[PDB]
Amino acid sequence: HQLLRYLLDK
Amino acid sequence: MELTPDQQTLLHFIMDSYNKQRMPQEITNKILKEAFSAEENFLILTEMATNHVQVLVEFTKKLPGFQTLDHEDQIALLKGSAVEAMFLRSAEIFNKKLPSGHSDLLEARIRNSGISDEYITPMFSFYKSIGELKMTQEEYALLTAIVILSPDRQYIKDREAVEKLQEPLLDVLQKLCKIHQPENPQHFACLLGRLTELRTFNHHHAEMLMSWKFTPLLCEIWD
Ligand SMILES: C[C@H](CCC(=O)Nc1cc(C(=O)O)cc(C(=O)O)c1)[C@H]1CC[C@H]2[C@@H]3CC[C@@H]4C[C@H](O)CC[C@]4(C)[C@H]3CC[C@]12C
């Protein structure tokens, strides 16, 4: 879930 | 009877995060301006859904307690609730935001995008049944929070920590029904019915999925 986790950690 | 100071605080944090949702006029213009066909229509609608998932992640991170859950449960909650949260949010927009003529083009695109009337009919029936309830913004925001913090999605580790975040939202929502629409003592039960009605869209969506393309964020969140 590379993109999802990126949006989670912003 | 009124919300306690701690329920007012909770409701305030939810409302402040709900109000900062906006979809870019860049997308909204595409509804108005791009060519019309089954493939183009599905492409545009896929872009709007991709944006609502981003708005949804931003909303969800600011929900009180969400960022104390374990990361894997955070992902599990977002994947399980995406479809339902999109439809709740879009429902609010059809019934309150969008004028008659631009809802009309949006709907024309939806009905001309290669999606079954099996999907489309319950969708528009949901919109109109939700619009009947004349929900406040507070009700839309709490209901959306309650959809997201649903402790019985597949694949969650610590279900109790999610229960502990959802139940106070449920309590706030029932209190809100008695204060915002006390002329209908059964308002809370009607909101509940929309919770279950929203769940049917997981079924139709999974059938739309099997027939078929998408953006990477949608591919992750739906596999
Ligand atoms: C059109 C509508 C979004 C409308 C909306 O939210 N508008 C808006 C407009 C404005 C504005 O004009 O100011 C501001 C705001 C603001 O939030 O501020 C918001 C989307 C939401 C969910 C979408 C489906 C998801 C499943 C599926 C995914 C597939 O990929 C494609 C086919 C399917 C059935 C999709 C079809 C189209 C749907 C219904």
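Criteria and cut-off values
- Residues numbered from 1 in each chain as written, not as in the entry; some residues may be left out.
- Chains lettered and ligands numbered in written order.
- Heavy atoms only, no water.
- Residues with missing side-chain atoms left out of burial classes, pairs and counts.
- Near = heavy atom within 4 Å.
- Polar contact = N/O pair within 3.5 Å; in protein donor to acceptor, adjacent residues only side chain to side chain.
- Areas by Shrake-Rupley, 256 points an atom, 1.4 Å probe, with all protein chains shown as cover.
- Nonpolar A, V, L, I, M, F, W, Y, C, P; charged D, E, K, R; others polar.
- Helix = DSSP H or I, 4+ residues; strand = E, 2+ residues; numbered from the N terminus.
- Expected span 1.5 Å × (residues − 1).
- Buried < 20%, exposed > 50% of the residue type's maximum accessible area, 1.4 Å probe, protein only.
- Contact = heavy atoms within 4.5 Å.
- Buried area = accessible area lost by both parts, 1.4 Å probe.
- Salt bridge = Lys/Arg side-chain N within 4 Å of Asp/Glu carboxyl O.
- Axes fitted to C-alpha atoms, helices over the stretch in contact; angles between N-to-C directions.
- Parallel < 35°, antiparallel > 145°, perpendicular 65-115°, else oblique.
- UniProt positions renumbered as here; feature names shortened; annotations may be inferred.
- Left-handed = near helix turned anticlockwise from the far one by under 90°.
- Disulfide = S-S within 2.5 Å.

What the deposited record gives as its method is X-ray crystallography, and the resolution it gives is 2.2000 Å.

Novice: Before we go on, may I ask you to explain the site of the ligand in this structure?
Specialist: Residue and element names in this part refer to chain B. Near the ligand lie 18 residues; those nearest to it are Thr-28, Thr-46, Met-86, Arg-89 and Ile-115. One nitrogen or oxygen atom from the side chain of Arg-89 is found 3.2 Å from an oxygen atom belonging to the ligand. In the complex, the protein chains occlude 89% of the 780 Å² of accessible area that the ligand would expose alone. Classifying every residue of the shell around the ligand gives 12 nonpolar, 4 polar and 2 charged.

Novice: Which parts of the structure should I look at to understand helix α6 (residues 117-133) of chain B?
Specialist: An α-helix turns once every 3.6 residues. As a result, residues three or four positions apart point the same way. Residues and elements named next belong to chain B. Its 17 residues give α6 an end-to-end C-alpha distance of 24 Å, which sits within 8% of 24 Å, the value for a rise of 1.5 Å per residue. Within α6, burial applies to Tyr-119, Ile-120, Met-123, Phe-124, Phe-126, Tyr-127, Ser-129, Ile-130, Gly-131 and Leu-133. Sitting at the amino-terminal end of α6 is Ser-116, which places a side-chain oxygen 2.6 Å from the backbone nitrogen of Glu-118.

Novice: Please explain the interface of chain A and chain B as it appears in this structure.
Specialist: Reports of interface size often rely on the accessible area that becomes lost once the parts have come together. Opposite the 9 residues of chain A that make contact, chain B presents 16 residues. Carbon and sulfur atoms supply 68% of the area buried between chain A and chain B, which totals about 1,100 Å² over both sides. On the chain A side of the interface with chain B, the three residues burying the most area are A:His1, A:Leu4 and A:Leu8, jointly 57% of the side's total. The tally of links from chain A across to chain B stands at 1 salt bridge. Between A:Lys10 and B:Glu58 there is a salt bridge, and its shortest N-O distance comes to 3.5 Å. The tally of links between chain A and chain B comes to 6 residue pairs in polar contact. Grouping the amino acids of the side of chain A that touches chain B by side-chain chemistry returns 4 nonpolar, 2 polar and 3 charged.

Novice: Before we go on, may I ask you to explain the packing of helix α1 (residues 5-19) of chain B against helix α8 (residues 159-180) of chain B in this structure?
Specialist: For any two helices packed against each other, the geometry is given by the interaxial angle and the distance between the axes. All names here are of chain B. The geometry of α1 relative to α8 is characterised by a closest axis approach of 11 Å and an angle of 95° between their N-to-C directions. Taken together, the axis directions place α1 and α8 in an arrangement best described as roughly perpendicular. Listed contacts from α8 to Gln-7, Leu-10, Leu-11 and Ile-14 of α1 are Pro-168, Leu-169, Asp-171, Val-172, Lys-175 and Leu-176.

Novice: Please clarify how the UniProt feature "binding site: chenodeoxycholate" in chain B should be interpreted in this entry.
Specialist: Residue and element names in this part refer to chain B. Within the UniProt annotation, "binding site: chenodeoxycholate" is assigned to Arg-89, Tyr-119, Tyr-127 and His-205. Looking at the secondary structure, you find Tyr-127 in helix α6. Other than its neighbours up to four places away in sequence, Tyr-127 contacts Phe-87, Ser-90, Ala-91, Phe-94 and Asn-95. Its place among the elements puts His-205 in helix α9 (residues 187-210). Once you skip the residues sitting within four places of it in the chain, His-205 turns out to touch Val-83, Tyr-119 and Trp-222.

Novice: Which parts of the structure should I look at to understand the packing of helix α4 (residues 71-97) of chain B against α9(B)?
Specialist: All names here are of chain B. α9 packs onto α4 with a crossing angle of 115° between their chain directions and a minimal axis gap of 9 Å. Read as a crossing pair, α4 and α9 show a hand that is right-handed. In this structure, α4 uses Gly-80, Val-83, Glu-84, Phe-87 and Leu-88 to contact α9, whose residues at the interface are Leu-198, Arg-199, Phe-201, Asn-202 and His-205. Here the residues of the contact of α4 with α9 sort into 5 nonpolar, 3 polar and 2 charged.

Novice: Would you take a moment to explain the state of the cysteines for this structure?
Specialist: Here a disulfide denotes a covalent bond joining the sulfur atom of one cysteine to the sulfur atom of another. Residue and element names in this part refer to chain B. In this structure the tally under the stated criterion is 0 disulfides over all chains. Take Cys-177: it sits in no disulfide, and the sulfur closest to it among the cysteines is that of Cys-190, at 8.8 Å. Taking the relative accessible area as the measure of exposure, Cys-177 reaches 4% and is therefore buried. The partly exposed category is assigned to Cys-190, whose relative accessible area is 22%.

Novice: Looking at this model, I keep getting lost on helix α3 (residues 38-61) of chain B. Mind explaining?
Specialist: Taking 1.5 Å of rise per residue, 24 residues should cover 34 Å, and α3(B) covers 35 Å from first to last C-alpha, within 8% of that figure. Among the 24 residues in α3(B), 17 count as buried, and that is most of the element.

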